[PDB]
Number of protein chains: 2
Amino acid sequence: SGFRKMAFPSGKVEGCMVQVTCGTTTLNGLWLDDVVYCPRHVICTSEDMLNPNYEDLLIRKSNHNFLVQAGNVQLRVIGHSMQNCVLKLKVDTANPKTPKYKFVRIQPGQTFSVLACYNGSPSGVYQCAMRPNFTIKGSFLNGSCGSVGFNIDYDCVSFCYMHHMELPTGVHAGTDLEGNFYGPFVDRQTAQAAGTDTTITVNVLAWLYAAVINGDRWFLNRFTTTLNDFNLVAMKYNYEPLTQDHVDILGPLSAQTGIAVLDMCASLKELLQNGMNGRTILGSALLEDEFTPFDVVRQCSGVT
Amino acid sequence: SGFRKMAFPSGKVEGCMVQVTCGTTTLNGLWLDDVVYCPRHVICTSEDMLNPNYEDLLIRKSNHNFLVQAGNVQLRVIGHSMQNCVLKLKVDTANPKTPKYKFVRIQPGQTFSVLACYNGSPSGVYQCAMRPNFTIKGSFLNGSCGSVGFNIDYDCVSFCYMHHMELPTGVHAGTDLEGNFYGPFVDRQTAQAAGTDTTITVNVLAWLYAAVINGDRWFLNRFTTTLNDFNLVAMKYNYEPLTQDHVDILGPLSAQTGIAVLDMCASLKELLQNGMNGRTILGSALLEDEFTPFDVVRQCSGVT
Ligand SMILES: *CCC(=O)N(c1ccc(C(C)(C)C)cc1)[C@@H](C(=O)NCCCOC)c1cccnc1
Ligand SMILES: *CCC(=O)N(c1ccc(C(C)(C)C)cc1)[C@@H](C(=O)NCCCOC)c1cccnc1
């Protein structure tokens, strides 16, 4: 029993972290096979940040201008190319610690773990969610760029995020491992405001199921609702609309607890309308939305 | 910016996890040098749990009765001894992945990361605190016993906890790596009720400093207090008494933000008396107490 915000074990990703320096800018890189992936803004100088022309800035850079260090040993760069907002630095050595891996582009609401690094060294690991406005609420300081987000299926690490920047509001923006940003953000020091950070409704429902499985049942009401009635309340509270795909995804949680998904929606509706009244659910005073239905099943079943 | 509940990178501990089986009971073991540490209740059968005499049960066990598996390869057990509530299984092979390590016994309020394992394989990592009643609120299912808690100082892993059991209330109990339980708990299936789970006041204050550093300042009031006045309010709200040692420990956070520790105590006092009024601090609707002042400094400075 007990339910925690849990990240994947980070060892497989720790063995991929390298330090990338270009000029006087140092950030993190991800070393998979003989390629090191890093944010292309590693080539930007103090002020280039305002309006960078990456193709132009890259012309003044050769293989020898990218310094890659793995541990305390230097890697030889034999090629470099820009793919969208990431630089791919071909090195002469395949990473001996390369795990089985995939590059995936996740949808909003999906969770992943982040291994926060500085100077190619890991400092910590935490669990995140891709917000519905395509930002992430991470914990990233200067030099954390190039830190990655990932999920693990047994022995296969699926990399889904690479950190690039912090918006003026303190929220974070980044790309998938093909260099495409999540959302409308650009790697440029300009006014970029995020959209509405709505609550991931399917995730809140999964976490309410986790609470029931763990003995926290006080919020269970005597009511039911429909997807249409529930969604009218959800829109009012800045919650994402719930679809029949979400109801289907919650099916195993509904089966395990005997609580129909629409009954849990009605309980959530009452929590939104009445508040918590100073009560807590799984040690939290607000409705948690950074656990997917898959995360609830995984944690509640002990998937290794 | 951003402040997250962050665990230490788990790779160094992942390389120590093994599976230990005795009879029909399988749990996790920690392999450091040529010794495997595991809960001594691995020798208990279905029902022994009620009133086990470990010395007596151990007489019926030889080296060959402890099956240790690291990855998918078997380790040879050449010795076994009981130290308090842990079994130390001497194996013929030193763990090639042994990191620099220490065994430390932590005090209540101290935080650590837990690498939750099943069948010697890691499933997830999360950040915990040793509660003032010597329990931990973890996420542990059947088979998680032998999973460890740890802190990391650069390259030295300090192991502080080993999971042993779940109390009837769903909270967790375990030992340090010398087999001594934290608190009054025993490895026996009996009525063991935990004491008052008070709030770790120094940790709440550290987290209020983290919130100020991260832009969440709405709770900052125009008041100050004394340690004696503050403690009268703290006792009333089931908060741990704050000492001059705690004020000293928060000194760097006070210096960085320019907010005197007693002024932050007065702000905390008003939050206790007035409530949050539907507001949030660092995305939380309650006062977080599982970040030590050291954790706040580490995360806010980027210690690797
Ligand atoms: C990667 C270095 C860094 O820390 N950092 C940053 C990121 C991008 C850029 C470019 C503008 C693309 C050259 C410069 C510096 C910052 C950061 O994002 N600063 C603001 C950039 C403009 O915002 C619109 C950083 C700080 C904290 C966390 N993550 C990144
Ligand atoms: C280690 C196996 C296990 O899952 N487990 C457990 C622990 C200890 C014992 C003894 C009674 C010491 C033989 C048996 C089984 C349980 C657990 O603690 N069950 C209740 C034991 C008595 O409580 C007073 C376990 C389940 C979930 C999380 N952690 C442990």
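Indexing begins at 1, ligand by ligand and atom by atom, following the structure's order. Order of the sequence lines sets the chain letters (A, B, ...), proteins ahead of strands, with each chain counted from 1.
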Worksheet item: Name the one of B:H172, B:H164, B:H41 that satisfies ring pair (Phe, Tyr, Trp, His ring centres under 6.0 Å) with B:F181?
Response: B:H164
Please give the N or O to N or O pairs under 3.5 Å between ligand 2 and the protein, distances rounded to 0.1 Å.
{"unit_1": "ligand 2", "atom_1": "4 (O)", "unit_2": "B:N142", "atom_2": "ND2", "d": "2.9"}
{"unit_1": "ligand 2", "atom_1": "4 (O)", "unit_2": "B:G143", "atom_2": "N", "d": "3.3"}
{"unit_1": "ligand 2", "atom_1": "18 (O)", "unit_2": "B:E166", "atom_2": "N", "d": "2.8"}
{"unit_1": "ligand 2", "atom_1": "23 (O)", "unit_2": "B:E166", "atom_2": "O", "d": "3.2"}
{"unit_1": "ligand 2", "atom_1": "29 (N)", "unit_2": "B:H163", "atom_2": "NE2", "d": "2.8"}

Worksheet item: Does A:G195 offer a backbone N or O that forms a donor-acceptor pair with the side chain of A:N133 under 3.5 Å?
Response: yes
Worksheet entry | Donor-acceptor under 3.5 Å (A:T26 side chain, A:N119 main chain) |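 Not at all, since once roles are kept as given, no pair shorter than 3.5 Å links the two residues.
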Worksheet item: Do the ring centers of B:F291 and B:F3 come within less than 6.0 Å of each other?
Response: yes
Discussion item. Please tell me whether A:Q83 and A:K88 have a donor and an acceptor in their side chains that are separated by less than 3.5 angstrom.
Written reply: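 Yes, because at least one side-chain N or O of A:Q83 sits under 3.5 Å from a partner of the opposite role on A:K88.
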Worksheet item: With a 4.0 Å cut-off, would you call A:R131 and A:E290 a salt bridge?
Response: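 Answer for the salt bridge query: yes.
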